[PDB]
């Protein structure tokens, strides 16, 4: 295969990257979502390392009904000291289950690997002048190894030297000085791997988005997500900076051939009684959790009926004749929601307010037209 599959970490906190085969998702689909790593310097105090990793653990977000988050902690041996580095990784390890990327000299990684090796970390930096010592450590622990060099030529040659030494569990770093170079490198690595079966480049890459201007780091990371990075490293623990990246990865890595839908049945928010409101919506997962999120968020126990529109949003199914009065009425009977409530009222997305009258006669339910955005549901239920 074009790009080797490489795993960092283990046991379901494991990150699997590689085994990509296209340059454009519409050609097939991108297969393995890139990991996002956050940087932690070993010069921080014990207290500081823990506080930081704890913030890293909080970079988790619910998106379309699933928890998604950053996946690696990149510990950097800025101290230059192996004892300091080893102790810092042990400290970070006490506070998280995320796999690590160990950035440091050979002596720092070796002290650290005595305890961290078991956790299958990614070693950072087999370079032109240390690659021999790094390959030896990587082999002893059979851990993935980043091969780092400036440019495609140097990179490919180092990779050949390392693979000549018998190790192929690799990640690639072509060292771009800016995102112009980054895009270029990522694109070529991916093209040569897939279009030319170029072996030295048949591995996932790692990219860095460390800019202190957070708008810039986010944009640089966004480009890397869209453009083939296998692992991207940032240095921000601000949830606002990671949220859009997690969303972008979710979006870019979604299979284009089919939308993700939720199973069309009634969903209960919190623990609804026969008195709770009934919300009509579609089974497009994005749409349904927009609604579920708003309702649960306002702490409103309720029933949600995601009409099967083949996983299409409300205006999408509507325009495609798949969200008609007839179809919704049939789901009202189909879903078994009647057995659930003492009233006979249902709430329609405000965007299809027009369907009300026809849906009402026909289904025999009192149709209330809700806000156009699920965000106004709390205020609609209050009133």
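Numbering follows the first chain given and starts at 1.
Higher mean CA temperature factor between 56-64 and 349-357: 349-357, per the PDB entry. As recorded in the PDB entry, 309-317 is the stretch of 309-317 and 211-219 with the greater mean C-alpha temperature factor. For the set 282, 146, 175, 271, the PDB entry assigns the largest Cα B-factor to 271. Looking only at 108, 180, 257, 187, the residue with the top Cα B factor in the deposited structure is 257. In the deposited entry, the Cα temperature factor of residue 142 places it in the middle third of its chain's modelled residues.
Sort the chain's modelled residues by C-alpha temperature factor and residue 35 lands in the lowest third, per the entry.
When the modelled residues of the chain are ordered by C-alpha B-factor, residue 340 sits in the highest third. When the CA B factors of the chain's modelled residues are split into thirds, the value for residue 197 lands in the highest one.
Per the deposited record, the Cα B-factor of residue 91 falls in the lowest third when ranked against the other modelled residues of its chain.
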